[PDB]
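Quick one: the structure is below, questions incoming.
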């Protein structure tokens, strides 16, 4: 219909996307190891009309001619991969990361996913799985009658047996680090899969090459900060309201055209 | 740009953020996705270090937001709408005058 | 304002832009007379009440005087010839263009 | 397109500027060495129409003829350079000013800036710098094995070394005073630079002809009075209400003319 | 979307940072060898709507032009390095520092951290370690047949064996001092690592050119003061509420601007 | 867009009604008297603005 | 800033647990008292975790 | 009034710390008691700073 | 003054080229060619100010000054 | 000054090519071909400034300067 209607429609869609990101951040306050999202916006096309820099006279130029812009579109969603605050759950099976590493688990399809959530359980077979039942590559199998599980700062998992004064080692919890952590593709279930923009999976022990340290009995809470989300909700509501007012103004203009 | 690696007690310099300064900023051509290309009205892009030769400083952890003033745009919408309603009435008056003229 | 043919027109639209070679020009690009040339290293451009154009340069606690934006006054302003592109040219009934420093 | 709408738009912009100043003042409450700002407005031009004082009739003149005014416009924002209340942080490096002086620092560009904030640290080389890493003139060098740093009322910085009953003087902290203190250009980062409206920087000893006294272990908090800000926020909100109502009334009048 | 909203959205974040610092200080009121934090703030951009000092006429300058400012940003949280009160635990393995030095401890990755915590333990191999299991320099070993451990004011560690009237020296404890102690990077677990703003690690003996003295049977408590933190919570809460009120006033202005 | 360069200038002429005559194809041409005084081809006027 | 204070609350609760356990064993042959040691959880400096 | 009152609070705390130090050193050979001296921090003469 | 804005319109910077003739003696006159060097529209009726004509060895062999003749 | 903006319009950078004739003696003259090198519209009435013509061995064998003749 009219250019301004399309531009304001794009603005409304962008503000709705911002509100969607806000709601997703707010709904995941209690999720362990969750990273908040941010939307990036860019200008749409620019109708050229007059060429800026064209020759107006034999010795004068046209400064900053008539460029008419289209609406707005979101560029991309970026996460804030930073250290969330730790919470003590007093559980021997929960591990938290202090640096910038990921746990590698195996999906039922055989491909490997990566999760920062440390809420682990032990299945009927004794293998350390996550809350959803995925097997946390690699192995960490657990003996039958364990009394206590000790996971050190460098990923060494040990089991204290009865009548034995020395703990036995049953695995080695490793961490995977990526060149670009924001490029990992989120699939839900607190799981990230590899992409071509997330570099390559660098397997390493906790403490070397940058990989973080593991704390037993702690969980990494989400990094969502509420006050920013509330102020952004106010921003989104008011910007949406302004764009709806612009749509209404275009509607009244068109109606006045129709009456004549 | 300095990068701190594990073990090293001294950061390692990696690169330099060079700011491009134009002498006529508004003469740039907006090519779309938050990018401007130089034109004949904004020639001679001068590379410089931030803070020197009139260039600006860099604040890390902050992003410059849009400078759109909101009340100005709303008052301007009011002006535009009523103006499009007074020009449409001028069109209608001319149409009625023509209809009366060509009717005889 | 200096027209391309070489004769002078007069305008009241004060929306100006600096062209690639500094120089203050109107929205159409015509150079505004007599010229005011703003350098590249300027951090802030101020046009005073009297029309003195001073710019701030880095490290210089004092402003650099660039130019005076003198105006032109006619006797019967209503007699000017409006040539279109927001420009007035002097006519028989609006002669004697008197340049003056604004405020005087 | 109509005069009253431009006037009300100018009023709205002025009230928004006042609210922006208020928000900036309230955002810097915890900033040390901060001075609150107040904006001053002026009216804009005045349409002549009927020149007052003209001959109304051969023997009489027009008293106070027909002048039509335009909107309003902000002249300037003046700082309130008054001693912000002091606070004891019990730190040997925090310095507060009791009078009307400023500390001088060197920017990386080589130019000299002036700051009133006295939260000082020491760099790796032993020189006294500000929180932003800028080196405070006159460049007091603190030696490696210092036990206590004493900064007196007159600006002498002394270091007491081990086993020596006498303190070693390592610098002299001076204060710069300006003829026009409000004319300085604030660049942010608690830094003001000299302009041509701020006179020239007069160096002086802290206790002499009008430089203030330096207190060690004290910080000068901001002078923002918050209850005044709340009352002014109420005032600004109501004024913006009234200006928006004027805009809406003008909108309603033009509608009837369109209908004509 | 409007200036005052961004300014009051920076005020909220700065006050939230201040509350975070206060809460972190209050949470660690009992950890030994703790240094409390202090957040410092600085002014953001200043829009030169009217540059101060501009030449309006050819002879009259404009004093203190229209310098509308942006919000606030925090420079950093600095550690208040003061001597915490010493207590008497009477455990031959607890040592407290009296000056401004640090203990050197070897991290598992081969690098050295620096800690002021004096609660030392003995591992299964007989080495002095930090309570987190990190082996402290210079690797002072303690025999199995030890009857009493004596750490003197000069850091000399002596062990008296059975039936022998003379003590056996098993090492010498040294203290590391820095030019700037604030610039050290805290890595948690009461550990600080060297940063280029902290100069270089100067090793020294306890009583010479500026290392502190060691007292055995003593623990250095934190320097956090509860009453000051309570008062600071009150002021920060009020400032946050007032900035939120500014946000609300801006929201109302925008609403009743749109409603006309 | 830096490549923008001038190529050619349109020929703009100045002629009143009394000098031009509409040819049979709708294109105006100089009348005989006017052509005899102004020449065969009209020189471009630098004052014309499009 | 909620987790930071929750951690301090938990630390105080642990301290009071230790004190209560020590008090309850005032008269218990062969009992050795307990003492809780705390360490901060700084992430990358400039921010605290509790 | 939240910076003039904080100053008085800190002064009273310092006085009480001095008194407690005097009390704790009741039996300490060669000890000398301590006292605190306070002074106002006026500025203009109409604006008190605590 | 060093800090000032001069915006001229009647001055052009030019390069002057000439031929040093065989057996040339001091006091004789030669023809020169004057060519503009930067963004000058025309040199219709300009006058060449005192110009020293250097050789390859960067020594002055002639002094040039006169009125330029442009075809028109 | 090193930091400055020069935006010329009457100057073109060109490459000059010539043939060194057999038994050439110093003082004789040869014809040269002048070809523009970057984004120049025309060389209609330009004048070639002093140009040293190098050989393959990067030694100056001729010095070029004159008025260019472009067909038109």
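So that you can tell them apart, the chains are marked A, B, C, D, E, F, G, H, I and J in the order they are listed, and the count of residues begins at 1 in each.
The rule is short, and it goes like this: a residue touches a chain if its C-beta (ideal position, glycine included) is under 8 Å from a C-beta of that chain, and two chains touch if they have at least 3 such contacts.
By chain, with names taken from UniProt: A, D, E = Flagellar basal-body rod protein FlgG.
Interface of chain D with chain E: the two copies contact each other largely through different residue positions, with under half of all numbers used appearing on both sides.
Note that among the pairs E-G, E-H or A-G, A-G reproduces the D-H interface, with over half of its contact pairs the same by residue number.
The interface carrying the most C-beta pairs in contact is the one between chains D-E. Centroids built from CA atoms put chain C at 54 Å from chain A.
Centroid to centroid, with C-alpha atoms defining each point, chain A and chain J lie 63 Å apart. A separation of 59 Å divides the Cα centre of chain B from that of chain H. A separation of 27 Å divides the Cα centre of chain E from that of chain H.
Within chain A, residues 52-53, 58-59, 61-64, 98, 208, 242, 245, 256 each touch two or more of the remaining chains. Counting partner chains per residue, chain G has residues 4, 7, 41, 43-44, 49-50 touching two or more of them.
By the touch criterion given at the top, residues 3-4, 6-7, 10, 41, 43-44, 49-50 of chain G touch chain A in their complex. For chain A in complex with chain B, the residues that touch the partner chain are 42-46, 52-53, 61-64, 67, 69, 75, 208-210, 242, 245-246, 249, 252-253, 256-257, 260.
Residues 51-52, 69, 71-72, 75, 78-79, 82-83, 85-86, 89 of chain B touch chain D in their complex.
Within the complex, the chain D residues that touch chain H are 82-83, 85-88, 98, 221.
Listed in rising order, the residues of chain B touching chain C in the complex are 21, 23-24, 26-27, 40-44, 46, 52-54.
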